[PDB]
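Structure record follows, encoded as structure tokens.
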Amino acid sequence: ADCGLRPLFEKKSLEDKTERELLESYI
Amino acid sequence: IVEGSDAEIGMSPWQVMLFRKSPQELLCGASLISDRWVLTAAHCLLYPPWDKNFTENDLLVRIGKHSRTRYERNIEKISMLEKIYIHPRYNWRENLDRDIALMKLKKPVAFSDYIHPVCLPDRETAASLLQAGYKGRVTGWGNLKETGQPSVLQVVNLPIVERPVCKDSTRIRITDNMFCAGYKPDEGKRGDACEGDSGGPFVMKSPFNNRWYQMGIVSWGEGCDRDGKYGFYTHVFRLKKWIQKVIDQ
Amino acid sequence: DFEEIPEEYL
Ligand SMILES: CNC(=O)CN[C@@H](C(=O)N1CC[C@H]1C(=O)NCc1ccc(C(=N)N)cc1)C1CCCCC1
Ligand SMILES: *[C@@H]1O[C@H](CO)[C@@H](O)[C@H](O)[C@H]1NC(C)=O
Ligand code: NA
Ligand code: NA
């Protein structure tokens, strides 16, 4: 389904202000 | 949430507020897992040490919220509960082992820009993301300090902590159904969940499929944001078989 | 300090 894809972020290819911090921690 | 920040609009569209009808107050956080199911911590609903034993008609679920206190007309949706399901092996006597509960909604919630379900992890998601140092995100309308209250939803990103470090921070017995997260005193950075954040989600964004997964449920701690202490979370994947059994019916 | 919610929500 479309679980975990946010209409105002992933669905528009927009990133929130701190999600990069999570990505950078997935080493 | 202690030492967090205001959430952005639509940042956590699966965020649910568990709201007590009388007196009108914040009961707990929770999360939207489908158009009819809400996930929370069992201690939000059943906690005999504090004479907490809520039934379906005692509360409402408020979805799509940002502001803590305001009635967000045309944005938030308020739903009634059909039935509560508490894990049959929830341990409220000792350490909140299996601190998990499901709530079925009377009617399906309509999804919008502000209302959207989070994913639940499978075995591979959990194995790939639930690693010491990997950061998750906790959200809630709970206390800003251990000893006021936020105007809007709060957010904090926190690293998962090594099981021995979790174990060595407390006198409480830690189980495989829990994990701990937060910064070490040597890390400099702060942050934690607190009273009122219970039942809310600990989420991670998969770098493989770019979807958000709920890995944890805000469960317990000893104080809030104390040096050398960590927040404890219900391990969602470890209890997925119970989740699926209840949803399958 | 919670704003009243519409009566329809009981
Ligand atoms: C501030 N409250 C406490 O320290 C009570 N501490 C108890 C606790 O946390 N309980 C019993 C029901 C649940 C609760 O109050 N949860 C709210 C909460 C959520 C997150 C955090 C955190 N990450 N810091 C702290 C509290 C905790 C004491 C040790 C044995 C397990 C239960
Ligand atoms: C909680 O409330 C119900 C009534 O809805 C009662 O049957 C039950 O035994 C109470 N106590 C516990 C510990 O569940
Ligand atoms: Na210990
Ligand atoms: Na700490």
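All chains are named by letter (A, B, ...) in the order of the sequence lines, taking the proteins before the strands, and each is independently numbered beginning at 1. What's counted below: heavy atoms across the whole structure, side chains too, no hydrogens, waters or symmetry copies.
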Side chains of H116(B) and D2(A): does their closest heavy-atom pair fall under 4.5 Å?
-> yes
Heavy-atom side-chain proximity of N210(B) to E19(A) below 4.5 angstrom | no
Tell me the closest heavy-atom pair linking [X] and [Y], and the distance in Å.
{"X": "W14(B)", "Y": "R6(A)", "result": "CH2-CG, 3.4 Å"}
{"X": "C119(B)", "Y": "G4(A)", "result": "SG-N, 3.5 Å"}
{"X": "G133(B)", "Y": "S25(A)", "result": "O-CB, 3.7 Å"}

Pick from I33(B), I115(B), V118(B), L120(B) with the largest number of heavy-atom pairs that fall under 4.5 Å of chain A | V118(B)
Around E162(B), counting heavy atoms of other residues, nucleotides and ligands shown, do more than 12 lie under 6.0 Å from its CD?
-> yes
Under 4.5 Å heavy-atom distance to chain B, tell me which part of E21(A) shows up: side chain, backbone, both or neither.
-> both
Side chain, backbone, both or neither: which part of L5(A) has a heavy atom under 4.5 Å from chain B?
-> both
Which atoms of [X] approach chain A - backbone, side chain, both or neither, heavy atom under 4.5 Å:
{"X": "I9(B)", "value": "both"}
{"X": "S112(B)", "value": "backbone"}
{"X": "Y134(B)", "value": "both"}

Examine distances only and state if a side-chain atom of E8(B) and a backbone atom of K17(A) form a donor-acceptor pair shorter than 3.5 Å.
-> yes
Can any side-chain N or O of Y26(A) pair as donor or acceptor with the backbone N or O of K135(B) at less than 3.5 Å?
-> yes
Roughly how far apart are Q214(B) CD and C3(A) SG, rounded to 0.5 Å?
-> 11.5 Å
Can you measure from OG (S206(B)) to CG (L22(A)) and round to the nearest 0.5 angstrom?
-> 11.5 Å
Identify whether the distance between the nearest side-chain nitrogen and carboxylate oxygen of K205(B) and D16(A) falls below 4.0 Å.
-> no
